[PDB]
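File shown: target.cif (mmCIF, N, CA and C atoms).
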data_query
loop_
_atom_site.label_atom_id
_atom_site.label_comp_id
_atom_site.auth_asym_id
_atom_site.auth_seq_id
_atom_site.Cartn_x
_atom_site.Cartn_y
_atom_site.Cartn_z
N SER A 1856 101.28 69.92 142.48
CA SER A 1856 102.32 70.10 143.53
C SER A 1856 103.51 69.16 143.21
N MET A 1857 104.46 69.11 144.13
CA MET A 1857 105.69 68.37 143.94
C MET A 1857 105.48 66.93 143.57
N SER A 1858 106.03 66.56 142.41
CA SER A 1858 105.89 65.23 141.81
C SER A 1858 104.40 64.85 141.47
N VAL A 1859 103.55 65.85 141.29
CA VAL A 1859 102.13 65.62 141.03
C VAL A 1859 101.71 66.59 139.94
N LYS A 1860 101.63 66.10 138.69
CA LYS A 1860 101.33 66.97 137.55
C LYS A 1860 100.11 66.60 136.76
N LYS A 1861 99.30 67.60 136.39
CA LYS A 1861 98.28 67.43 135.36
C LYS A 1861 98.94 66.84 134.11
N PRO A 1862 98.18 66.07 133.30
CA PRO A 1862 98.68 65.58 131.99
C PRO A 1862 99.21 66.71 131.05
N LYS A 1863 100.35 66.43 130.37
CA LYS A 1863 101.07 67.43 129.53
C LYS A 1863 100.34 67.82 128.20
N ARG A 1864 99.57 68.92 128.23
CA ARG A 1864 99.13 69.65 127.01
C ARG A 1864 100.27 69.94 125.97
N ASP A 1865 100.02 69.54 124.72
CA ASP A 1865 101.01 69.72 123.65
C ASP A 1865 101.04 71.22 123.31
N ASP A 1866 102.17 71.86 123.56
CA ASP A 1866 102.33 73.29 123.29
C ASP A 1866 103.35 73.55 122.18
N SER A 1867 103.73 72.49 121.48
CA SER A 1867 104.85 72.55 120.52
C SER A 1867 104.52 73.33 119.22
N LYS A 1868 103.21 73.46 118.93
CA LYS A 1868 102.66 74.21 117.80
C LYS A 1868 102.15 75.61 118.16
N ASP A 1869 102.32 76.04 119.40
CA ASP A 1869 101.74 77.30 119.84
C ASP A 1869 102.39 78.48 119.10
N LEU A 1870 103.72 78.43 118.94
CA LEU A 1870 104.48 79.48 118.29
C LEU A 1870 103.97 79.75 116.89
N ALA A 1871 103.92 78.71 116.10
CA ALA A 1871 103.40 78.76 114.76
C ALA A 1871 101.96 79.17 114.64
N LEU A 1872 101.12 78.61 115.50
CA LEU A 1872 99.72 78.97 115.53
C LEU A 1872 99.47 80.46 115.88
N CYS A 1873 100.15 80.99 116.91
CA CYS A 1873 100.05 82.44 117.25
C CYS A 1873 100.51 83.34 116.08
N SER A 1874 101.56 82.89 115.37
CA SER A 1874 102.11 83.58 114.21
C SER A 1874 101.08 83.70 113.09
N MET A 1875 100.36 82.60 112.82
CA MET A 1875 99.28 82.55 111.86
C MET A 1875 98.15 83.48 112.24
N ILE A 1876 97.75 83.44 113.51
CA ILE A 1876 96.72 84.34 113.98
C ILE A 1876 97.14 85.80 113.79
N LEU A 1877 98.41 86.11 114.12
CA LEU A 1877 98.96 87.44 114.04
C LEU A 1877 98.96 87.87 112.59
N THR A 1878 99.32 86.94 111.68
CA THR A 1878 99.31 87.21 110.21
C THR A 1878 97.93 87.57 109.72
N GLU A 1879 96.94 86.84 110.20
CA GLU A 1879 95.58 87.09 109.82
C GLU A 1879 95.13 88.42 110.39
N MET A 1880 95.62 88.79 111.56
CA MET A 1880 95.29 90.12 112.08
C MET A 1880 95.98 91.27 111.34
N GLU A 1881 97.24 91.04 110.98
CA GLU A 1881 97.99 92.00 110.17
C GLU A 1881 97.38 92.29 108.81
N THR A 1882 96.70 91.32 108.22
CA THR A 1882 96.18 91.42 106.86
C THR A 1882 94.67 91.79 106.86
N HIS A 1883 94.04 91.92 108.03
CA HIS A 1883 92.65 92.38 108.12
C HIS A 1883 92.60 93.87 107.68
N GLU A 1884 91.54 94.23 106.96
CA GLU A 1884 91.44 95.59 106.42
C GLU A 1884 91.27 96.68 107.48
N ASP A 1885 90.81 96.31 108.65
CA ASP A 1885 90.73 97.22 109.79
C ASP A 1885 91.96 97.18 110.71
N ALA A 1886 93.03 96.52 110.29
CA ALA A 1886 94.27 96.50 111.10
C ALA A 1886 95.03 97.84 111.14
N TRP A 1887 94.68 98.80 110.25
CA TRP A 1887 95.57 99.96 109.95
C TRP A 1887 95.88 100.81 111.17
N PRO A 1888 94.90 101.03 112.09
CA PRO A 1888 95.32 101.81 113.26
C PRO A 1888 96.31 101.11 114.18
N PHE A 1889 96.56 99.82 113.95
CA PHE A 1889 97.26 98.95 114.93
C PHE A 1889 98.60 98.40 114.42
N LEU A 1890 98.93 98.66 113.16
CA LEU A 1890 100.09 98.02 112.51
C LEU A 1890 101.43 98.52 113.07
N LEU A 1891 101.46 99.79 113.47
CA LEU A 1891 102.66 100.41 113.93
C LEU A 1891 102.46 101.06 115.26
N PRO A 1892 103.55 101.28 116.02
CA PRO A 1892 103.41 102.11 117.25
C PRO A 1892 102.81 103.50 116.97
N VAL A 1893 101.93 103.96 117.87
CA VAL A 1893 101.38 105.29 117.79
C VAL A 1893 102.56 106.23 118.02
N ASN A 1894 102.62 107.28 117.18
CA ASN A 1894 103.74 108.23 117.18
C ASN A 1894 103.54 109.14 118.38
N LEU A 1895 104.36 108.92 119.39
CA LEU A 1895 104.24 109.63 120.64
C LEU A 1895 104.62 111.11 120.59
N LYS A 1896 105.40 111.52 119.58
CA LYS A 1896 105.67 112.94 119.33
C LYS A 1896 104.46 113.61 118.67
N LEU A 1897 103.72 112.87 117.84
CA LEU A 1897 102.68 113.46 116.99
C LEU A 1897 101.25 113.31 117.47
N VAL A 1898 101.01 112.52 118.53
CA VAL A 1898 99.65 112.37 119.06
C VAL A 1898 99.68 112.85 120.50
N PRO A 1899 99.30 114.13 120.70
CA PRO A 1899 99.10 114.68 122.03
C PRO A 1899 98.21 113.81 122.92
N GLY A 1900 98.68 113.55 124.12
CA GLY A 1900 97.92 112.81 125.11
C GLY A 1900 98.43 111.39 125.26
N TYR A 1901 98.95 110.82 124.16
CA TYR A 1901 99.15 109.38 124.11
C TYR A 1901 100.16 108.91 125.11
N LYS A 1902 101.29 109.63 125.15
CA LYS A 1902 102.40 109.21 125.97
C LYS A 1902 101.93 109.15 127.44
N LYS A 1903 101.18 110.16 127.87
CA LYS A 1903 100.86 110.31 129.28
C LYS A 1903 99.71 109.41 129.70
N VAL A 1904 98.74 109.32 128.82
CA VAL A 1904 97.56 108.56 129.10
C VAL A 1904 97.82 107.07 128.97
N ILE A 1905 98.53 106.62 127.92
CA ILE A 1905 98.59 105.18 127.64
C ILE A 1905 99.87 104.57 128.20
N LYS A 1906 99.75 103.92 129.34
CA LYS A 1906 100.94 103.50 130.09
C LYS A 1906 101.81 102.44 129.35
N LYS A 1907 101.14 101.57 128.61
CA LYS A 1907 101.75 100.46 127.97
C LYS A 1907 101.31 100.41 126.53
N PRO A 1908 101.91 101.26 125.69
CA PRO A 1908 101.61 101.18 124.26
C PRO A 1908 101.90 99.78 123.69
N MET A 1909 101.09 99.37 122.71
CA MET A 1909 101.27 98.09 122.05
C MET A 1909 100.66 98.14 120.66
N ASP A 1910 101.30 97.45 119.71
CA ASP A 1910 100.85 97.41 118.35
C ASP A 1910 101.30 96.08 117.75
N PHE A 1911 100.79 95.74 116.57
CA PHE A 1911 101.02 94.44 115.96
C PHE A 1911 102.46 94.25 115.58
N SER A 1912 103.15 95.31 115.11
CA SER A 1912 104.57 95.16 114.72
C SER A 1912 105.46 94.83 115.91
N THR A 1913 105.18 95.44 117.05
CA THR A 1913 105.89 95.19 118.26
C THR A 1913 105.57 93.73 118.74
N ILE A 1914 104.33 93.31 118.59
CA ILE A 1914 103.99 91.93 118.98
C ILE A 1914 104.74 90.95 118.04
N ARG A 1915 104.81 91.29 116.77
CA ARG A 1915 105.49 90.46 115.80
C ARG A 1915 107.01 90.27 116.10
N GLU A 1916 107.69 91.35 116.45
CA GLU A 1916 109.06 91.32 116.87
C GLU A 1916 109.26 90.50 118.17
N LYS A 1917 108.42 90.75 119.18
CA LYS A 1917 108.44 89.99 120.43
C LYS A 1917 108.27 88.49 120.14
N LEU A 1918 107.42 88.15 119.20
CA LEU A 1918 107.14 86.74 118.90
C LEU A 1918 108.30 86.02 118.22
N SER A 1919 108.82 86.68 117.19
CA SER A 1919 109.93 86.25 116.43
C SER A 1919 111.27 86.17 117.18
N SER A 1920 111.39 86.80 118.33
CA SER A 1920 112.60 86.84 119.08
C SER A 1920 112.44 86.15 120.45
N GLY A 1921 111.41 85.32 120.60
CA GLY A 1921 111.20 84.56 121.83
C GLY A 1921 110.95 85.37 123.06
N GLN A 1922 110.24 86.47 122.93
CA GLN A 1922 109.89 87.25 124.14
C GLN A 1922 108.52 86.91 124.81
N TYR A 1923 107.78 85.98 124.18
CA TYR A 1923 106.55 85.39 124.75
C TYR A 1923 106.85 84.04 125.41
N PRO A 1924 106.77 84.02 126.75
CA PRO A 1924 107.00 82.76 127.42
C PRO A 1924 105.95 81.71 127.10
N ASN A 1925 104.71 82.13 126.84
CA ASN A 1925 103.64 81.20 126.53
C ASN A 1925 102.53 81.94 125.76
N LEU A 1926 101.52 81.19 125.33
CA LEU A 1926 100.44 81.75 124.51
C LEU A 1926 99.58 82.77 125.30
N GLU A 1927 99.50 82.68 126.63
CA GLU A 1927 98.76 83.65 127.40
C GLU A 1927 99.43 85.05 127.40
N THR A 1928 100.75 85.09 127.38
CA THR A 1928 101.43 86.34 127.42
C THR A 1928 101.21 87.00 126.05
N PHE A 1929 101.15 86.22 124.99
CA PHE A 1929 100.87 86.73 123.65
C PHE A 1929 99.44 87.30 123.55
N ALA A 1930 98.44 86.55 124.03
CA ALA A 1930 97.04 87.01 124.05
C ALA A 1930 96.85 88.32 124.84
N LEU A 1931 97.63 88.49 125.90
CA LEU A 1931 97.62 89.71 126.70
C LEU A 1931 98.10 90.99 125.96
N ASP A 1932 99.14 90.86 125.16
CA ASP A 1932 99.60 91.99 124.35
C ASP A 1932 98.62 92.32 123.25
N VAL A 1933 98.00 91.31 122.64
CA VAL A 1933 96.98 91.52 121.66
C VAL A 1933 95.80 92.26 122.26
N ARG A 1934 95.29 91.78 123.40
CA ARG A 1934 94.18 92.46 124.07
C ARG A 1934 94.55 93.87 124.48
N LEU A 1935 95.80 94.07 124.91
CA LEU A 1935 96.30 95.39 125.27
C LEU A 1935 96.18 96.39 124.13
N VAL A 1936 96.47 95.94 122.93
CA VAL A 1936 96.25 96.77 121.74
C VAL A 1936 94.80 97.33 121.71
N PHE A 1937 93.82 96.46 121.93
CA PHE A 1937 92.42 96.87 121.86
C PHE A 1937 91.90 97.62 123.06
N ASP A 1938 92.37 97.24 124.24
CA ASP A 1938 92.17 98.03 125.47
C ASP A 1938 92.73 99.44 125.39
N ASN A 1939 93.95 99.61 124.90
CA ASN A 1939 94.45 100.98 124.65
C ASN A 1939 93.59 101.76 123.68
N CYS A 1940 93.18 101.08 122.63
CA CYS A 1940 92.31 101.69 121.61
C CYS A 1940 91.01 102.27 122.25
N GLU A 1941 90.39 101.48 123.11
CA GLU A 1941 89.20 101.87 123.80
C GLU A 1941 89.44 103.01 124.74
N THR A 1942 90.58 103.01 125.42
CA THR A 1942 90.91 104.07 126.35
C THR A 1942 91.01 105.46 125.62
N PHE A 1943 91.53 105.49 124.39
CA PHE A 1943 91.88 106.73 123.71
C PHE A 1943 90.90 107.17 122.61
N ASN A 1944 90.02 106.26 122.18
CA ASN A 1944 89.14 106.51 121.05
C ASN A 1944 87.69 106.33 121.41
N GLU A 1945 86.87 107.21 120.84
CA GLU A 1945 85.44 107.11 121.05
C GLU A 1945 85.01 105.85 120.27
N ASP A 1946 84.06 105.12 120.86
CA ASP A 1946 83.41 103.98 120.18
C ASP A 1946 82.89 104.33 118.78
N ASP A 1947 82.27 105.51 118.66
CA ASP A 1947 81.73 106.01 117.40
C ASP A 1947 82.84 106.84 116.68
N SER A 1948 83.81 106.10 116.17
CA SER A 1948 84.91 106.66 115.37
C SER A 1948 85.40 105.53 114.54
N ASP A 1949 86.05 105.87 113.44
CA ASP A 1949 86.62 104.82 112.63
C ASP A 1949 87.62 103.94 113.42
N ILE A 1950 88.49 104.55 114.22
CA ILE A 1950 89.52 103.79 114.93
C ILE A 1950 88.85 102.94 116.01
N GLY A 1951 87.88 103.53 116.68
CA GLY A 1951 87.13 102.93 117.79
C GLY A 1951 86.37 101.68 117.34
N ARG A 1952 85.81 101.75 116.16
CA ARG A 1952 85.14 100.62 115.52
C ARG A 1952 86.10 99.56 115.05
N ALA A 1953 87.20 100.00 114.44
CA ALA A 1953 88.26 99.07 114.04
C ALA A 1953 88.72 98.22 115.24
N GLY A 1954 88.88 98.86 116.38
CA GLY A 1954 89.29 98.19 117.62
C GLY A 1954 88.34 97.10 118.04
N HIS A 1955 87.06 97.44 118.10
CA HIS A 1955 85.96 96.50 118.42
C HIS A 1955 85.92 95.35 117.42
N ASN A 1956 86.06 95.65 116.11
CA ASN A 1956 86.05 94.63 115.08
C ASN A 1956 87.25 93.63 115.20
N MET A 1957 88.45 94.20 115.38
CA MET A 1957 89.69 93.43 115.46
C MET A 1957 89.70 92.52 116.71
N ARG A 1958 89.17 93.01 117.79
CA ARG A 1958 89.06 92.25 119.04
C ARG A 1958 88.14 91.06 118.88
N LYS A 1959 86.96 91.30 118.29
CA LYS A 1959 86.05 90.22 117.94
C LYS A 1959 86.71 89.19 117.05
N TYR A 1960 87.33 89.68 115.99
CA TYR A 1960 88.03 88.81 115.07
C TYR A 1960 89.12 87.95 115.80
N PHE A 1961 89.88 88.59 116.71
CA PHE A 1961 90.98 87.90 117.37
C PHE A 1961 90.41 86.80 118.29
N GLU A 1962 89.36 87.14 119.05
CA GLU A 1962 88.88 86.28 120.11
C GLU A 1962 88.26 85.00 119.53
N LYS A 1963 87.65 85.11 118.36
CA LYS A 1963 87.16 83.97 117.65
C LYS A 1963 88.31 83.05 117.24
N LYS A 1964 89.33 83.58 116.58
CA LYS A 1964 90.44 82.75 116.12
C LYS A 1964 91.10 82.13 117.32
N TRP A 1965 91.14 82.86 118.42
CA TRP A 1965 91.81 82.38 119.63
C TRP A 1965 91.10 81.13 120.19
N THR A 1966 89.80 81.24 120.40
CA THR A 1966 88.93 80.14 120.82
C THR A 1966 88.95 78.96 119.83
N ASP A 1967 88.79 79.23 118.53
CA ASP A 1967 88.77 78.14 117.56
C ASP A 1967 90.09 77.40 117.49
N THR A 1968 91.20 78.10 117.74
CA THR A 1968 92.53 77.50 117.63
C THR A 1968 92.98 76.73 118.89
N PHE A 1969 92.59 77.20 120.08
CA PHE A 1969 93.17 76.79 121.37
C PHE A 1969 92.16 76.29 122.44
N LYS A 1970 90.88 76.69 122.40
CA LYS A 1970 89.82 76.11 123.30
C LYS A 1970 88.91 75.09 122.56
#
Render the structure in this file as structure tokens.
Amino acid sequence: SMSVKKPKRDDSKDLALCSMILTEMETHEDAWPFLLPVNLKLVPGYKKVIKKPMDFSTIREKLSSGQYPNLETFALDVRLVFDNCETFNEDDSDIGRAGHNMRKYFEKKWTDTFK
């Protein structure tokens, strides 16, 4: 509350650290369904079903241009990528598995880096 603050967590490396995590996600061999926006003209259903499309390139641009106020807003867009994946893809599919794998991979790096 007013004039009463928890001790200041160092957040000065968060930008760089999220960038590294994002790089590692971009270079994972199962990143391919997630690298670019899903083509809304070419994938029937996507536009209507998926309210908030998200992909790694869009996260990369948002990061590089200061559109993430903090590391939680960044983690939310990353999770959104995998949540959309689950909404549109069967678990037993190449894309569906890639989603599960990438989410696991992300959540580990996230915990090891920040918790």
*Name all residues at most 8 Å from residue A:1942 (count only C-alpha atoms; drop same-chain ones fewer than 3 positions away) and give them as a list in words.*
residues 1905, 1938 and 1939 of chain A
Keeping only N, CA and C atoms, write those residues as a compact mmCIF listing (two decimals), in the coordinates of the input.
# COMPACT_ATOMS: atom_id res chain seq x y z
N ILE A 1905 98.53 106.62 127.92
CA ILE A 1905 98.59 105.18 127.64
C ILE A 1905 99.87 104.57 128.20
N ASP A 1938 92.37 97.24 124.24
CA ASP A 1938 92.17 98.03 125.47
C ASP A 1938 92.73 99.44 125.39
N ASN A 1939 93.95 99.61 124.90
CA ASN A 1939 94.45 100.98 124.65
C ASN A 1939 93.59 101.76 123.68
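The shell of residues at most 6 Å from stretch 1910-1922 of chain A, with only N, CA and C atoms counted and near chain neighbours (fewer than 4 positions) removed, consists of residues 1889, 1890, 1891, 1892 and 1936 of chain A.
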*So what do you get for atom N of residue A:1929 versus atom C of residue A:1903, distance-wise?*
23.7 Å
Can you translate the PyMOL selection byres (((chain A and resi 1865-1882 and name CA) around 7) and name CA) into the concrete residues it hits in this file, as a short mmCIF file (atom, residue, chain, number, x, y, z; two decimals) with N, CA and C atoms, keeping the file's coordinate frame?
data_model
loop_
_atom_site.label_atom_id
_atom_site.label_comp_id
_atom_site.auth_asym_id
_atom_site.auth_seq_id
_atom_site.Cartn_x
_atom_site.Cartn_y
_atom_site.Cartn_z
N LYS A 1863 100.35 66.43 130.37
CA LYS A 1863 101.07 67.43 129.53
C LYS A 1863 100.34 67.82 128.20
N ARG A 1864 99.57 68.92 128.23
CA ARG A 1864 99.13 69.65 127.01
C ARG A 1864 100.27 69.94 125.97
N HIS A 1883 94.04 91.92 108.03
CA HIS A 1883 92.65 92.38 108.12
C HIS A 1883 92.60 93.87 107.68
N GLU A 1884 91.54 94.23 106.96
CA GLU A 1884 91.44 95.59 106.42
C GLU A 1884 91.27 96.68 107.48
N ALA A 1886 93.03 96.52 110.29
CA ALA A 1886 94.27 96.50 111.10
C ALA A 1886 95.03 97.84 111.14
N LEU A 1890 98.93 98.66 113.16
CA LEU A 1890 100.09 98.02 112.51
C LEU A 1890 101.43 98.52 113.07
N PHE A 1911 100.79 95.74 116.57
CA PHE A 1911 101.02 94.44 115.96
C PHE A 1911 102.46 94.25 115.58
N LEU A 1926 101.52 81.19 125.33
CA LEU A 1926 100.44 81.75 124.51
C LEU A 1926 99.58 82.77 125.30
N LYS A 1964 89.33 83.58 116.58
CA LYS A 1964 90.44 82.75 116.12
C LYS A 1964 91.10 82.13 117.32
#
_Can you tell me, as a VMD selection string, which residues in stretch 1887-1957 of chain A count as alpha helix (DSSP H) by DSSP?_
chain A and resid 1901 to 1904 1911 to 1919 1926 to 1943 1949 to 1957
Please produce stretch 1932-1944 of chain A, completed to N, CA, C and O atoms, as a PDB file, in the frame of the given file.
ATOM      1  N   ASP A1932      99.140  90.860 125.160  1.00  0.00           N
ATOM      2  CA  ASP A1932      99.600  91.990 124.350  1.00  0.00           C
ATOM      3  C   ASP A1932      98.620  92.320 123.250  1.00  0.00           C
ATOM      4  O   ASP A1932      98.464  93.454 122.955  1.00  0.00           O
ATOM      5  N   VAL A1933      98.000  91.310 122.640  1.00  0.00           N
ATOM      6  CA  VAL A1933      96.980  91.520 121.660  1.00  0.00           C
ATOM      7  C   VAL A1933      95.800  92.260 122.260  1.00  0.00           C
ATOM      8  O   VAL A1933      95.322  93.217 121.670  1.00  0.00           O
ATOM      9  N   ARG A1934      95.290  91.780 123.400  1.00  0.00           N
ATOM     10  CA  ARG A1934      94.180  92.460 124.070  1.00  0.00           C
ATOM     11  C   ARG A1934      94.550  93.870 124.480  1.00  0.00           C
ATOM     12  O   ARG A1934      93.699  94.756 124.401  1.00  0.00           O
ATOM     13  N   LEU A1935      95.800  94.070 124.910  1.00  0.00           N
ATOM     14  CA  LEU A1935      96.300  95.390 125.270  1.00  0.00           C
ATOM     15  C   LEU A1935      96.180  96.390 124.130  1.00  0.00           C
ATOM     16  O   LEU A1935      95.844  97.545 124.334  1.00  0.00           O
ATOM     17  N   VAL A1936      96.470  95.940 122.930  1.00  0.00           N
ATOM     18  CA  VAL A1936      96.250  96.770 121.740  1.00  0.00           C
ATOM     19  C   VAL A1936      94.800  97.330 121.710  1.00  0.00           C
ATOM     20  O   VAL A1936      94.603  98.516 121.538  1.00  0.00           O
ATOM     21  N   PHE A1937      93.820  96.460 121.930  1.00  0.00           N
ATOM     22  CA  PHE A1937      92.420  96.870 121.860  1.00  0.00           C
ATOM     23  C   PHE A1937      91.900  97.620 123.060  1.00  0.00           C
ATOM     24  O   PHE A1937      91.084  98.566 122.908  1.00  0.00           O
ATOM     25  N   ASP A1938      92.370  97.240 124.240  1.00  0.00           N
ATOM     26  CA  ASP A1938      92.170  98.030 125.470  1.00  0.00           C
ATOM     27  C   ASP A1938      92.730  99.440 125.390  1.00  0.00           C
ATOM     28  O   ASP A1938      92.051 100.379 125.707  1.00  0.00           O
ATOM     29  N   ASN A1939      93.950  99.610 124.900  1.00  0.00           N
ATOM     30  CA  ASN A1939      94.450 100.980 124.650  1.00  0.00           C
ATOM     31  C   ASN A1939      93.590 101.760 123.680  1.00  0.00           C
ATOM     32  O   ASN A1939      93.331 102.973 123.891  1.00  0.00           O
ATOM     33  N   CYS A1940      93.180 101.080 122.630  1.00  0.00           N
ATOM     34  CA  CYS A1940      92.310 101.690 121.610  1.00  0.00           C
ATOM     35  C   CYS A1940      91.010 102.270 122.250  1.00  0.00           C
ATOM     36  O   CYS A1940      90.634 103.434 121.958  1.00  0.00           O
ATOM     37  N   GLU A1941      90.390 101.480 123.110  1.00  0.00           N
ATOM     38  CA  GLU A1941      89.200 101.870 123.800  1.00  0.00           C
ATOM     39  C   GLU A1941      89.440 103.010 124.740  1.00  0.00           C
ATOM     40  O   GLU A1941      88.592 103.865 124.905  1.00  0.00           O
ATOM     41  N   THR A1942      90.580 103.010 125.420  1.00  0.00           N
ATOM     42  CA  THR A1942      90.910 104.070 126.350  1.00  0.00           C
ATOM     43  C   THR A1942      91.010 105.460 125.620  1.00  0.00           C
ATOM     44  O   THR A1942      90.576 106.477 126.181  1.00  0.00           O
ATOM     45  N   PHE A1943      91.530 105.490 124.390  1.00  0.00           N
ATOM     46  CA  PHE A1943      91.880 106.730 123.710  1.00  0.00           C
ATOM     47  C   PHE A1943      90.900 107.170 122.610  1.00  0.00           C
ATOM     48  O   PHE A1943      90.968 108.305 122.128  1.00  0.00           O
ATOM     49  N   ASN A1944      90.020 106.260 122.180  1.00  0.00           N
ATOM     50  CA  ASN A1944      89.140 106.510 121.050  1.00  0.00           C
ATOM     51  C   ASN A1944      87.690 106.330 121.410  1.00  0.00           C
ATOM     52  O   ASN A1944      87.342 105.444 122.216  1.00  0.00           O
TER      53      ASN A1944
END
